[PDB]
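For reference, chains read A, B, C, D, E, F, G, H and I in written order, and residue numbers begin at 1 within each chain.
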Amino acid sequence: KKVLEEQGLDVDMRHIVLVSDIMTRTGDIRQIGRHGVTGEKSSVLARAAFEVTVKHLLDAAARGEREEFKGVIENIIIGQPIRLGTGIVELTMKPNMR
Amino acid sequence: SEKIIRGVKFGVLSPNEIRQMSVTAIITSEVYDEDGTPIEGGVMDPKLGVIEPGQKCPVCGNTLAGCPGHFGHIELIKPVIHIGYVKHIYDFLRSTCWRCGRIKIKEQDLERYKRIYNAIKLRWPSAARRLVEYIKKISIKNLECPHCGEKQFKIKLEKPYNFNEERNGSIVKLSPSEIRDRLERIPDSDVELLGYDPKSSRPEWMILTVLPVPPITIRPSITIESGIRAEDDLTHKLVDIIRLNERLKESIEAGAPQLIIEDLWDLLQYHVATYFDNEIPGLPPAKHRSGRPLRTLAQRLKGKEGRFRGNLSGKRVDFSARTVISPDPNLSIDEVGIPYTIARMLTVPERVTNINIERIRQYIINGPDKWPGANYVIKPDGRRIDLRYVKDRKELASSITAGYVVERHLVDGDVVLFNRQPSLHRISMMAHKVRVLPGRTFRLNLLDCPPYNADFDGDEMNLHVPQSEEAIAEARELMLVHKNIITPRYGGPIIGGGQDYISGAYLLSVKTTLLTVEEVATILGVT
Amino acid sequence: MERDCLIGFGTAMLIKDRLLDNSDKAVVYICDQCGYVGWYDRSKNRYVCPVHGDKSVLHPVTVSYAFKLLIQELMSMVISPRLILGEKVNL
Amino acid sequence: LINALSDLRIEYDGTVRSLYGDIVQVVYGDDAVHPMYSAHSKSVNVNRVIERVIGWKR
Amino acid sequence: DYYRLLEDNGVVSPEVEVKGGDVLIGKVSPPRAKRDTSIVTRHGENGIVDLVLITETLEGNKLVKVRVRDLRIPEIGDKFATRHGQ
Amino acid sequence: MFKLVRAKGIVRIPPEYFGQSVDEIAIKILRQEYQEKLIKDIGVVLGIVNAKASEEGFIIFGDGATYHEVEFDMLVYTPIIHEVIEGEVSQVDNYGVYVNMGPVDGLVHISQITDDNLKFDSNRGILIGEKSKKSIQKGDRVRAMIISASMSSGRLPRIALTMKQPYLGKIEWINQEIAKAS
Amino acid sequence: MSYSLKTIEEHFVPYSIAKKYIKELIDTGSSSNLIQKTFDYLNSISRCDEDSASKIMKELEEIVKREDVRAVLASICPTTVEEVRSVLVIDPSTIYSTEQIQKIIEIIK
Amino acid sequence: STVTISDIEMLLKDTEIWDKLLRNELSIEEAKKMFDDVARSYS
Amino acid sequence: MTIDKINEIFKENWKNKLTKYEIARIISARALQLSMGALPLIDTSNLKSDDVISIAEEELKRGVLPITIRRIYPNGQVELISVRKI
């Protein structure tokens, strides 16, 4: 907040609080990058896309990992709808009512 | 039945699987003979796949559209090390006995370690990783197998792929054959405890005995107007591997100097390792004709132009345009001005119902060259009709019914996506309503500039036309401009007055301004 | 970044329209036992899976073509990516 | 930041959770107020409400 | 219809309107049958043929140069500047 | 053997059939999608007799149709191995004798009608036994035996019959056999 | 058009009530020739009525505890003790109440 | 055993106790007693 | 106060109110199935625009749509909201 405010930039405090919460979730301070929050993600394809390296896929093949398509990036990569916004809504209809 | 993908299971490709899925066997190292037909059994065998528009595949009765590529296999007489699994083979070697194949830990503690790992593998993956690391650390530094007590020798790895024992002679190099034979002894339980899936990733499968041959669909030949075909680098490497496979096999059955055998075994392995990955640290790059380093399997996947960031995370799209922007104070904040040329090229596909049939008929009567018109008509069974090749467009209009699809020009009131790069926040791309105007520029209201950080110094912006009903409905409901006046960064309006607006407001609202009926009518006539 | 903007707005069908329908939409056939990509023979009117002959059933899946290219490039290396299928609608 | 935060969602509970189920915040922010609907970071400006009601005689 | 503008020697004539894709010089190459290596007007660039030049190189090969001109009238979207940075 | 199974599934109601009773459209779609269609684990379907569908249908992405849960009763028939079933002769040639078994036609070869030597495709197209004095022709009523059967949708009437077992054969052949047995 | 097609019941049907069901199917469904042809196949071989097949199938639950064999005993009517063992393809030996099975045949059929 | 192994085992035991309590196979008092026993035995 | 008072206020507020994502989803689904041959549930004789999305918007504004939103809460509880005349 101080770094942003001393430059005259107006950012709401809720975003900063969410970032602070995300970087201290595991009981230790973690970076948002490769060795932290991003690297703890449970998707092989998302990690291989963020880190354009191929060693992640080789490690997954060696250890026989399983990728389950729960995030948004992997579903976009393969081409299936995400579960944010309009993807959280589920509909039911009665066709007979004319 | 139509399904969806709900998971992907990774593993190491078994040689039995490599042979079973293969359609042929690559033995010949000659790609093309005098006339030009591909040799059966070479890298360009037509059995692998079809890349020609008029050719038909032998394996499947399908053309380029319906034919997926088919795999071949190269038989290796001497095993080689997969360079991508060296850090795993090293760990398997350092933490296992070379006589019975055990983790080199007392079975009393081994059983409870296995029980704990089986209990915690799924609920606390990090704890399981730490437990595996601890087991490996305490098993590497044993020096005597508890089941044998045979004075285990330490193993050192020399980059890139050289394994060196330290016996009483202090120097002896391990061939891939002995490495694979040692890795075959490990039981499934010991592999599972070390953190690997035994039924899908078996450690000796990392030592290659059979090499898959990529399909020609992923290995196309570039057609250059210079008249000479250029092949991709994958074939340029596979020919080298098959050459060395033939070059080394004849030596075994004809003589045995045992010094030229190992000087060729260290060249085939280099070729395979460089085919899997170029730019290996401490290894020379491979050129083909002009000293340009080759592009290999791992080079097609990394970088900003590679597979992932070039084709999977982002891609080029259809129905998009780019043009310079110019101001327009006569548009609404929801509107964007579009040239007549762009409106007649980009189209929106509208399905014919009983409520919009007359409007669509009038669109069809106008051709592709008069706005508002149409470019194509799609029949209910699914055949397209180019309206510029239609003898009479008045009779085709009368024959359309509900269920037809007409790709019509953009008209006033259509929803498009208008974007300026770099896209720093989400209101860098908003939904706008089309208005077609004379000119060759994208016209934008002056109050809409702050969200885009746009200017009229020669700037350019992008346009996108959604094509489906659901996409258009979402864009109209969630992305429209006036719904996004207040920015999410802070509770304030990002759309508002500029330079002439402020001074005009000051001059009008000052208390000395007096107006007559005619001046009031002139001022209010623009509203 | 444009994809991030679209995700931030929460438009799943707009994301699909931009990134799949208008770039590289494709259909592939997967064996339900091994998860490998088969083909339609178009002459004997049957589904054929490379390790499987006609002993299994293949299902069509709509996917990005670049993803199929990635799968084949992964099988070019010694990696076995098996696709696990599911139903669009359940009971 | 985008790759770190892309999987967070607001639930019908009012909770911030990941798409894998992990709870990040028990309630979004502290009052579950969107910054886009805020009165410049304020859920309600009470002085503005007073001015709305009795501003014509003050 | 893309070769309608060439003369009997395979090159277009001056004062002829051309559109994008029209062939200006006709050329066939030895096989590496003969292949077509003609040069066409670039996509979406109309104009008028301005000059045709035929000469020889040092080796003795024929060299042909064709100039195409396009009229530009100021329109909405064009850039102008002063000597003071505006 | 003729069976009657009850099934539960999902039926898709296209938007062009909205505004009318869900049961009628559901049974119509089921008939258009399951009539004369072989099922790997249940057998060849002979039609739908009644279906009950829920009035609530869920909507998915990219489709305008609604999907309803439906319960219906089928009339599947599958010939079970080792069963005694009556039949009628449909056609006889050098291939053998083709016995009609409901929708499909069973098959028996000349080597397994009677434990003797017989001549097929004789005069008037009648199979006559030299030492049995047996005549078989059209309109017969035979009581066949099932020995082996498999379904792959390539060719439905791939059923093998058996006649060597005593107390089986024509209705007249078995009647005289029973009378002379005692 | 997405379907699941899971099965819950596995009831067996003899020839007589199969005629009843296909008749109840042909009259309103108006199916193709294959369904209609199967009805012709049942116009001759069928020996009993729907009530007769029901009575014979329901009274043999105590004698034999298998529904499949009861559906073929309700369609053939062996009415003789010398060929029942030919119909039987079940390894365990039935008790010597087979003479009662024949008795139930004529009182119903 | 080792400190890391003791930590892993105590984490596993806490997980099992919580799972059993959440399935209504234990009461609150029994869960309290087992938690105290594990904490004291692994201190 | 189940977990907190703010959560109770949140769930009470969204009890009988539609979010913008639900409105967008309903309108898109209705337009998609209305372009496929469905019969409009309103007059559609004097409407300003005759495209499917406008008709879907007007059908949602005056409750005639027999559509139900199923909200699944993270603890498993299910809430049903009907847009047919509320």
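In the analysis below, contacts are C-beta pairs under 8 Å (C-beta built on N, C-alpha and C of every residue); 3 or more make two chains touch, one makes a residue touch a chain.
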{"item": "Topological distance between subunit A and subunit G, in contact steps", "value": "2"}
{"item": "Smallest count of steps, each to a touching chain, taking subunit H to subunit I", "value": "2"}
{"item": "Most centrally placed chain - per-chain CA mean versus overall CA mean", "value": "C"}
{"item": "Chain centre separation (subunit D, subunit H; CA means) in Å", "value": "39"}
{"item": "Inter-centroid spacing, subunit G versus subunit E (mean Cα positions, whole Å)", "value": "88"}
{"item": "Chain centre separation (subunit D, subunit E; CA means) in Å", "value": "63"}
{"item": "Subunit H residues counted as touching two or more neighbouring chains", "value": "none"}
{"item": "Where subunit B touches two or more other chains at once, by residue number", "value": "1-2, 4-12, 84-85, 200, 206, 298, 301, 312-313, 470, 473-474, 478, 489-492"}
{"item": "Residues of subunit G whose C-beta touches two or more other chains", "value": "2-4, 6"}
{"item": "Partner subunit I, residues of subunit A touching it in the complex", "value": "85-86, 88-95, 97-98"}
{"item": "Subunit C - residues contacting subunit B, complex", "value": "1-6, 8-14, 16-19, 21-24, 28, 30, 35-44, 48, 50-51, 59-64, 66-70, 72-73, 75-88"}
{"item": "Subunit I residues within the subunit B interface of the complex", "value": "20-21, 23-24, 27-29, 31-32, 34-37, 40, 44, 49-53, 55-56"}
{"item": "Sites on subunit F touched by subunit A in the complex", "value": "13, 17-22, 55-59, 61, 66"}
{"item": "Footprint of subunit H on subunit B - complex, ascending", "value": "116, 119-120, 123-124, 127, 130-131, 134"}
